[PDB]
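# Summary of the model geometry
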Amino acid sequence: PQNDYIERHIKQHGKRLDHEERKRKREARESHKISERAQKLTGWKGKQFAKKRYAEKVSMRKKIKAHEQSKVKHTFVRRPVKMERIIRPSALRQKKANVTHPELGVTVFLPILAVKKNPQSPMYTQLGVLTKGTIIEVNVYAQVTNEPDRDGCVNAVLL
Amino acid sequence: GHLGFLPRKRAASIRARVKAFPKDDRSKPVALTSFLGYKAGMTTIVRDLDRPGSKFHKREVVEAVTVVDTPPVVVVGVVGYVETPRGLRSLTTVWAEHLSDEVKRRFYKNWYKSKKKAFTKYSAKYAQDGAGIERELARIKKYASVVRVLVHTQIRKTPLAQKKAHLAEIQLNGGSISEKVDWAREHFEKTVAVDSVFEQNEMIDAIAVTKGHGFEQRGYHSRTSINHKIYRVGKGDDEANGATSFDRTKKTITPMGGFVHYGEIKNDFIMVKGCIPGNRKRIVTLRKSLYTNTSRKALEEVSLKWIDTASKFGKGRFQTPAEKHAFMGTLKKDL
Amino acid sequence: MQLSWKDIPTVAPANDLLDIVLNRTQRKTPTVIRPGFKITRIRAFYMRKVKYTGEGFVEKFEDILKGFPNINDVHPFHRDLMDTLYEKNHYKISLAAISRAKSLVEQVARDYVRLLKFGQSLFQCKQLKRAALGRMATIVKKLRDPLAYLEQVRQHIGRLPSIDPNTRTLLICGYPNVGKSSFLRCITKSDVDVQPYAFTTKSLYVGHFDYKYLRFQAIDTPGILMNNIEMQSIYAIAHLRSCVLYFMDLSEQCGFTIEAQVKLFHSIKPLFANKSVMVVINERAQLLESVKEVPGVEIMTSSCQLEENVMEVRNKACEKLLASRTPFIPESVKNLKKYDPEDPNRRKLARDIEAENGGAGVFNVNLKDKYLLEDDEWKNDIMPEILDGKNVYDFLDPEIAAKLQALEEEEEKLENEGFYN
Amino acid sequence: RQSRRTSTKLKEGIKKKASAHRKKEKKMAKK
Amino acid sequence: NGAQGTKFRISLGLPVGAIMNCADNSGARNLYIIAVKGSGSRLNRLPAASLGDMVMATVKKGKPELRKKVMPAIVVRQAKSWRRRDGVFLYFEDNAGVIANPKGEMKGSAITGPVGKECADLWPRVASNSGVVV
RNA sequence: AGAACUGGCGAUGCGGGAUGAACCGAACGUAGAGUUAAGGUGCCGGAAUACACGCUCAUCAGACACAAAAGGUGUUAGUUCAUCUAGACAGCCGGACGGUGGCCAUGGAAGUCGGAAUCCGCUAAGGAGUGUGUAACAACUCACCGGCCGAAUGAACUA
RNA sequence: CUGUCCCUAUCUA
RNA sequence: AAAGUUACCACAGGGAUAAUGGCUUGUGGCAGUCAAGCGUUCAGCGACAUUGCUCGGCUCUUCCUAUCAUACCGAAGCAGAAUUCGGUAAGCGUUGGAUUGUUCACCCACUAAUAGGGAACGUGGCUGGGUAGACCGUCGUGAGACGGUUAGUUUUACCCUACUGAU
């Protein structure tokens with residue numbers, strides 16, 4: 001427990017007399033073991049193995065192409081006045097939205113100022129709902145492109 | 001619970017027939033693989049413990065050992081079993097031409113009203129110039145692959161009032177099946193000593209029907225207990241059977257005033273540590289471990305130090321009447 | 001702990017940690033539900049799964065944080081040793097990254113659980129759960145570099161020496177390539193060859209030895225001539241309470257002239273002046289007078305190729321560190337020879353007899369043939385000790401024949417008088 | 001092991017789903 | 001640690017919640033049993049200790065220093081009839097125990113009253129601090 | 001989901017789909033003979049264990065639109081390109097250079113801790129070096145050619 | 001302090 | 001001078017719903033490049049990595065594996081010990097007492113470990129927390145309060161049967 005001794009011990013005494021042979025045989029068998037796993041593995045494990053193999057193949061293809069390139073050379077909020085028993089839980093209220101600029105490669109998390117025009121209802125605009133397509137204003141107009149009710153986030157693109 | 005022991009129904013009969021027998025070494029000398037007997041109460045034994053590793057090494061330990069009455073067993077016939085795809089099959093059987101009154105009664109349910117014509121016809125034909133018995137013996141020697149010997153207990157030599165013997169088959173483990181029947185022929189009408197089938201320190205497994213309990217149905221079921229060591233083997237005529245090398249007191253193992261619910265031991269008996277399925281007066285059959293279970297506990301010998309033989313009824317402060325007389329002394333009724 | 005942090009749990013990379021957490025969530029918790037199930041039941045099931053995932057992530061992060069020692073909150077010697085090998089600010093930033101990831105995971109789990117209970121449909125609940133899992137994966141994914149760094153430093157810290165600055169100790173200093181480790185080999189169990197190239201030892205070596213029954217150990221250093229390997233030696237020299245031995249080569253080995261070595265020793269003198277220094281020399285010797293200008297430094301002219309003076313140096317270093325009715329004996333015992341373990345002809349002990357007989361669990365020691373007796377013929381004692389319910393031990397006694405004769409005489413004197421009739 | 005029996009309810013649901021998918025495919029001819 | 005052999009299943013008569021006198025000069029008057037270490041968890045069974053067993057107990061009486069604390073305790077007297085290997089059944093005068101660290105070192109300089117043979121032969125340190133063994 | 005139109009169900013037996021309310025056939029008086037539909041022709045079950053061309057060996061294949069985008073050194077049939085007696089692929093024997101330890105980064109880096117150059121000189125061809133290791137070289141391997149070698153074969157895609 | 005319980009067993013009508 | 005306007009239009013009037021189609025699980029949302037191929041030649045779309053901030057809690061039995069321990073094997077700076085993951089694996093086990101403003105947050109210990117669930121309104125084999133249908137009419141200033149009418153139905157069972165036993 002002093003230093004890299006295990007490497008030093010290996011150097012001063014050597015690895016197993018068949019360690020290299022075992023590694024070579026394992027590498028040779030890997031060609032068939034991969035196929036066996038792709039054909040034997042079932043359930044979620046098969047899905048994971050297939051996804052990993054596809055990702056590895058895509059990465060290898062991309063690397064080959066790169067080498068070839070070089071080879072040439074939910075709502076928003078005694079304030080209520082006239083609303084009936086349509087109480088909206090505070091959990092559905094979010095003050096900040098994700099705003100991205102189409103012309104700039106930078107995004108800023110900023111508070112939501114006011115809802116301009118919520119589609120699918122004028123009542124939605126009055127109540128400040130955040131359905132997809134709603135036009136809003138942000139403290140620097142932007143429109144929400146995602147569905148906050150299904151993901152809990154409010155993504156908007158500056159108009 | 002234990003689903004393996006189900007169904008917990010009544011046993012087929014009091015005599016629990018042995019379902020399996022130990023291995024059959026066809027080269028060893030002919031010998032019996034089981035023996036009959038009757039449970040006779042229980043007693044406490046204190047002995048030294050020669051067992052290395054145990055904390056109690058070189059120490060005395062109190063233990064309980066059961067006592068089974070085993071009068072000499074007499075052979076009356078043999079059974080030849082052939083091998084068939086549907087299991088072993090009995091092709092024929094033979095008898096000794098002479099049967100004790102016990103087995104003759106065993107073949108009748110109302111003996112006193114019976115004419116007692118148990119084997120008169122067979123015996124009459126047996127006394128011919130052979131050709132009837134030798135034929136069966138040769139047939140068994142030719143086809144039979146395993147041979148079992150039929151024996152019965154000497155109930156008339158037992159202090160029980162049953163007066164009826166129980167037939168039982170015993171497998172022969174030794175020499176070839178021809179040697180088996182050859183040895184059996186020399187033993188027809190003869191008796192086999194209890195000490196010939198077992199010896200001291202040998203492990204045995206008992207098989208018998210446990211005490212019944214009626215509706216709860218409970219009890220009265222066949223059970224098997226294995227790994228029971230034999231502590232001592234005695235004889236009815238061997239006076240001072242309860243006298244250990246240390247105690248050396250001329251007293252029989254029979255408790256003062258006799259056993260509880262049982263008579264007195266005046267025949268050969270087997271002493272084994274622990275209890276046995278069944279109760280007193282129940283017929284018990286003894287097997288030997290069903291296999292080579294010679295562990296250190298089995299291997300180690302048990303040198304007995306003292307044997308308890310006091311009055312089992314109630315309590316007891318003395319082992320023999322002499323001790324009681326000496327301690328209590330003379331009394332009014334004495335003189 | 002404080003000596004060697006070999007107990008730190010392995011820091012699974014972002015992909016491995018995320019895979020483990022997701023597998024634990026999928027396996028332990030149930031995963032079977034139907035749209036026809038009670039809405040509250042589905043909400044509770046999804047919330048429980050999300051909470052289990054968050055708890056697993058929090059537990060992993062907390063274990064990683066607790067196992068790893070806070071460099072700033074560790075002994076100054078160990079703190080500086082870690083700083084030299086791993087940049088202290090970088091390590092602190094890496095730990096803060098894990099802390100921030102844990103805080104973000106907790107906040108995400110709480111926010112989603114608060115929002116999840118309001119799901120009006122199974123699809124909405126499933127989408128919220130998937131969004132929470134994606135947030136957790138993204139938080140874990142960003143930690144790939146800090147997680148890899150943590151795993152590397154964990155796998156490297158385990159093999160570090162268990163140095164004990166508080167204990168009295170001696171430090172082997174001097175120029176590199178001067179066989180400074182040869183002295184270590186011949187004074188302790190350590191094993192490092194001469195290796196005529198200078199920087200063989202990329203890390204400190206420690207070896208234990210005992211003098212006057214007092215515990216001691218020696219620490220080897222690569223040497224000084226501004227690099228990590230050289231830098232770590234400075235803090236070891238300064239913080240450690242050990243005495244420091246300066247090694248010098250009085251030969252062409254290492255190429256450095258005696259003047260250069262003396263000048264370097266003088267230049268580094270202000271750092272170890274209070275360490276009770278000693279100098280070992282592994283017109284040429286005239287310059288040693290200048291070295292001796294320091295009262296506390298001796299000049300051990302020697303050569304580390306053998307044990308010419310290592311034996312004396314071992315005691316000298318320890319001494320410098322410390323400076324900072326009549327009985328009855330049977331003649332048989334005196335005459336009996338000692339049991340030589342290596343001699344095959346030595347007297348066979350009970351161990352040999354037991355081995356020749358069998359294992360310890362099968363051989364039983366026999367007390368017979370050992371105890372003395374008047375006649376060895378009956379050594380196999382079978383003492384009954386019981387007779388007709390009477391204890392023989394209460395009657396065993398010599399010269400009982402006279403008592404029996406007296407009893408017989410009394411019986412005769414009572415019978416002739418007609419006592420019994 | 002899984003049952004290979006063709007459940008009547010499942011079979012009819014399969015036909016309904018196939019008809020719905022065919023309707024969507026026919027209505028998707030806008031490119 | 002402390003043990004010198006395998007447990008022997010003697011009769012158990014000291015379930016959780018029992019109180020026994022502290023047979024030592026450590027100043028403690030009695031020990032309250034909260035759990036029995038090394039025992040088996042049976043359905044609804046209360047963990048039962050016995051002579052020579054190591055259990056965790058809290059000093060319910062004595063000097064304030066030992067009060068409210070929990071430390072391992074070794075039972076030296078059970079008072080319940082049990083079968084010894086030497087034939088005859090025996091039981092002690094009353095329940096008693098001693099307090100010691102998990103290493104078997106007794107807190108009191110000497111034990112008082114009779115000490116069970118089984119506990120003495122299983123805890124050498126207890127026998128070292130014992131003066132009356134059986 | 002809504003708007004319109006057309007059948008089935010009822011005011012419908014019967015045959016088949018093993019079993020049915022949406023499937024297929026189908027003009028209902030009681031009988032005899034033959035010819036058919038769907039559905040079938042190894043047995044239960046009346047009918048060829050019929051003929052012919054190909055396909056699958058599947059650690060629970062298979063005999064009826066969806067979790068389906070992919071992987072498999074699991075089979076058979078194909079499209080494109082390219083080499084092939086100037087010697088196809090494979091298997092070995094050799095070479096695998098010279099500036100130069102290219103320039104920076106240093107306790108140290110001769111290609112394989114690292115940053116960008118990745119240039120020129122000669123070749124049937126040989127890198128500022130694809131991988132193993134040495135503090136560092138060393139050696140070894142392919143990127144690439146020749147010697148033995150003797151004919152077809154590789155890469156990407158379709159069924 | 002108690003069979004509520006560890007842990008149930010026994011007798012009576 | 002009044003009429004329209006109003007998706008808060010509120011109070012009454014009326015139309016039809018709302019009481020697995022193999023469901024279900026581990027990797028997000030919006031934004032951009034990278035692009036198997038389709039877009040009339042292919043006027044549009046688009047996989048994988050990449051980037052920006054971001055009603056609990058009781059009890060006996062059966063069964064599933066998505067297995068905490070026991071058995072075996074591979075990997076990991078695996079020096080030993082101990083530890084982490086993965087694969088076969090359900091044969092055998094998965095604890096004695098306390099928490100009661102949501103008790104499910106969560107107490108202190110034992111044990112090799114104290115794995116999650118199904119048993120179709122899953123069961124009371126099992127306990128209590130729970131907090132309390134509709135119709136009409138009267139007084140209704142924008143608003144709530146008093147009638148009256150009513151439903152309180154898986155049930156004993158010497159009914160079927162698995163059972164444990166017994167003729």
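The present account deals with the structure reproduced in this document.

Parameters and conventions
Sequence-order numbering is used: residues on each chain count from 1 as written, possibly diverging from the entry numbering, and only residues with coordinates are shown. All chains are assigned letters beginning with A, and all ligands numbers beginning with 1, in the order in which they are written. Values throughout apply to the part shown, which belongs to a larger assembly of chains. As a rule here, side-chain values cover all heavy atoms of the structure and leave hydrogens and water aside. Whether a residue is near a molecule or strand depends on its heavy atoms: it is near if one of them lies within 4 Å of it. Contacts described as polar in this section are N or O atom pairs within 3.5 Å, which, within protein, must combine one atom able to donate a hydrogen with one able to accept it, while residues neighboring in sequence count only if both atoms come from side chains. The helix count covers DSSP runs of H or I at least four residues long, the strand count covers runs of E at least two residues long, and both are numbered beginning at the N terminus. Two residues form a contact once any of their heavy atoms are found within 4.5 Å. Two parts lose some accessible area (1.4 Å probe) when they are put together, and adding that loss for both gives the buried area. By salt bridge we mean one thing: a side-chain nitrogen of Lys or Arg within 4 Å of a carboxyl oxygen of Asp or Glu. Basically, the charged four are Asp, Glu, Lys and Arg, the nonpolar ten are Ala, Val, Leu, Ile, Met, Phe, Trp, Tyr, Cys and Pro, and anything else, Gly included, counts as polar. One bridge is not enough; two strands pair if DSSP finds at least two bridges between them. An axis is simply a line fitted to the C-alpha atoms; with a helix, the fit covers only the stretch in contact. Between two such axes, the angle follows the N-to-C directions and lies from 0 to 180 degrees. Cavities and pockets are defined on a 1 Å grid built over the protein atoms alone: a cavity is a set of grid points where a 1.4 Å probe fits but cannot escape, while a pocket is an open set with protein on both sides within 12 Å along at least five of seven lines, and lining residues are those with an atom within 4 Å of any such point. Grid points are joined across faces, edges and corners, and a volume is the space filled by probe spheres set on the points. Oblique is the label for every angle not falling under 35 degrees (roughly parallel), over 145 degrees (roughly antiparallel), or within 65 to 115 degrees (roughly perpendicular). In this scheme, a crossing is called left-handed if the near helix is turned counterclockwise away from the far one by less than a right angle; it is called right-handed if the turn is clockwise. To sort residues, take the accessible area from a 1.4 Å probe on protein chains only and compare it with the maximum for the residue type: under 20% means buried, over 50% means exposed, and anything in between is partly exposed. Whether two aromatic rings pair depends on their centres lying within 6.5 Å, for rings of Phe, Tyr and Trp, where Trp uses its six-membered ring; planes under 30 degrees apart make the pair stacked, over 60 edge-to-face, and the rest tilted. Here, a charge over a ring means that NZ of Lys or CZ of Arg falls within 6 Å of the ring centre while also lying within 35 degrees of the ring normal.

Turning our attention to the protein's contact with RNA strand F. Around RNA strand F, the surrounding shell holds 26 residues, and the nearest of these are A:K11, A:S35, A:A38, D:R4 and D:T8. Restricting the count to atoms of RNA strand F within 4 Å of the protein gives a sugar and phosphate share of 48%. A distance of 2.2 Å is found between a sugar or linking oxygen of RNA strand F and a side-chain nitrogen or oxygen belonging to A:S35. Measuring from a base nitrogen of RNA strand F, one finds a backbone N or O atom of A:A38 at 2.5 Å. Of all the secondary structure elements, the ones that give two or more residues to the surface near RNA strand F are helix 2 (19-40) and helix 3 (43-71) of chain A together with helix 1 (8-27) of chain D.

On to the interface of chain B and chain E. The partner chain E presents 5 residues to the 5 residues of chain B that form the contact. Buried surface at the junction of chain B and chain E, summed over both partners, amounts to about 550 Å²; 55% is from carbon and sulfur atoms. Of all residues in chain B, the largest losses of buried area upon contact with chain E belong to B:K55, B:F56 and B:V62, amounting jointly to 74% of the total for that side. Where chain B packs against chain E, one counts 0 salt bridges. At the junction of chain B with chain E, the criterion picks out 1 residue pair in polar contact. The residue inventory of the side of chain B that touches chain E, partitioned by class, reads 3 nonpolar, no polar and 2 charged.

What follows deals with the sheet that holds strand 9 (residues 96-99) of chain E. Residues and elements named next belong to chain E. Around the barrel, 5 strands lie side by side as 2-3-5-6-9; this closed barrel has mixed pairing. Recorded for the sheet is a direction-independent mean angle of 55° between the axes of neighbouring strands. Across 5 bridges, strand 3 (residues 30-35) lies against strand 5 (residues 54-61) in antiparallel orientation. For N30, the partnering residue across the bridge sits in strand 5 and is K61.

Here the focus is empty space enclosed by the protein. Residues and elements named next belong to chain C. As a volume, the largest cavity reaches approximately 100 Å³. Lining the largest cavity are 15 residues; nearest its centre among them are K180, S181, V194, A198 and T200. Looking at the lining of the largest cavity residue by residue, the classes come out as 6 nonpolar, 7 polar and 2 charged.

Quick look at the packing of helix 3 (residues 133-143) of chain B against helix 4 (residues 177-185) of chain B now. Residues and elements named next belong to chain B. Interaxial distance between helix 3 and helix 4 falls to 8 Å at its minimum, and their mutual angle equals 150°. On the basis of their axis angle, the class for helix 3 and helix 4 is roughly antiparallel. The way helix 3 lies across helix 4 gives a crossing that is right-handed. Contacts between helix 3 and helix 4 involve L137, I140 and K141 on the former and, on the latter, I177, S178, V181, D182 and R185. Residue classes in the contact of helix 3 with helix 4 are distributed as 4 nonpolar, 1 polar and 3 charged.

This brings us to the environment of B:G132. Relative to the elements of secondary structure, B:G132 occurs in the loop between helix 2 (120-126) and helix 3. The exposure class assigned to B:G132 is partly exposed, which follows from its relative accessible area of 28%.

In total, this model carries 19 aromatic pairs over all chains according to the counting rule given. Judged by centre distance (6.1 Å) and plane angle (75°), the rings of B:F56 and E:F8 are edge-to-face. Taken together, the residues B:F56 in the loop between strand 1 (35-49) and strand 2 (59-69) and E:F8 in the segment before strand 1 (14-15) connect one chain to another. With centroids separated by 5.9 Å and ring planes inclined at 65°, the aromatic side chains of B:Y122 and B:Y126 adopt a geometry described as edge-to-face. In this pair, B:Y122 and B:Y126 both sit in helix 2, 4 residues apart, roughly one turn of the helix. With a relative accessible area of 27%, B:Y122 lands in the partly exposed category. Following the ring pairs from residue to residue traces out a cluster consisting of B:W95, B:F107, B:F119, B:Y122 and B:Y126. Over the aromatic face of C:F37 sits the side chain of C:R41, whose NZ or CZ is 4.4 Å from the ring centroid. Above the face of the E:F8 ring, E:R85 is positioned so that its terminal group lies 4.9 Å from the ring centre.

A few words now on the layout of surface pockets. Over the atoms rolls a probe the size of a water molecule, and in doing so it shows where empty space is left. Roughly 1,500 Å³ of volume is contained in the largest pocket. Contributing to the lining of the largest pocket are 32 residues, with A:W44, A:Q48, C:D19, C:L22 and C:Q26 lying nearest its centre. Mapped by element, the contributors of at least two residues to the lining of the largest pocket are helix 3 of chain A together with helix 1 (14-28), helix 2 (39-67) and helix 5 (122-142) of chain C. Taken together, the residues of the lining of the largest pocket break down into 12 nonpolar, 8 polar and 12 charged.

The subject of this paragraph is the side chain of C:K320. Residue and element names in this part refer to chain C. Assignment of secondary structure puts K320 in helix 11 (residues 310-323). With relative accessibility at 13%, the residue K320 sits in the buried group. Aside from chain neighbours lying at most four places away, what touches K320 is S276, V277, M278, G296 and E298.

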